[PDB]
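**Q** How does the following fold in three dimensions:
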Amino acid sequence: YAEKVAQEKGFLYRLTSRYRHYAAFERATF
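**A** Residues are numbered from 1 along each chain as shown. The protein structure is shown below:
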């Protein structure tokens, strides 16, 4: 996962299920 498409769109965009998902795996401990 990368923060490219994220910052690209904006802030509200980041607020999505997909984002919350990868955040649990990719950033499990962090």
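**Q** List of residues touching the helix or strand that contains residue 20?
**A** Residue 20 belongs to helix 17-25 when assigned by DSSP states H and E. Contacts of helix 17-25 from elsewhere in the structure, counted by C-beta atoms under 8 Å, 6 or more residues apart in numbering, are 1, 6. C-beta: built from backbone N, CA, C; applies to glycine.
**Q** The same query, at a cut-off of 6 Å, please.
**A** Applying C-beta atoms under 6 Å, 6 or more residues apart in numbering, the set of residues contacting helix 17-25 from outside is residue 1.
**Q** Just the C-alpha atoms of that helix, please, in PDB.
**A** The C-alpha atoms that make up helix 17-25 are tabulated as PDB, following Å, rounded to 0.1, in the frame of the first residue of the first chain:
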ATOM      1  CA  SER A  17     -13.200   0.900   4.000                       C
ATOM      2  CA  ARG A  18     -10.300   0.000   1.800                       C
ATOM      3  CA  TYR A  19      -8.100   2.400   3.600                       C
ATOM      4  CA  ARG A  20      -9.200   1.200   7.000                       C
ATOM      5  CA  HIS A  21      -8.500  -2.300   5.900                       C
ATOM      6  CA  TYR A  22      -4.900  -2.000   4.700                       C
ATOM      7  CA  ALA A  23      -4.400   0.100   7.900                       C
ATOM      8  CA  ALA A  24      -5.200  -3.000   9.900                       C
ATOM      9  CA  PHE A  25      -2.900  -5.300   8.000                       C
END
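**Q** Would you check how far apart the residue most central in space within the chain and residue 13 are?
**A** When C-alpha atoms, centre = their mean is applied to the chain, the residue found nearest the centroid is residue 19 (3.3 Å). Applying C-beta to C-beta, to the nearest Å, the value for residue 19 to residue 13 is 8 Å.
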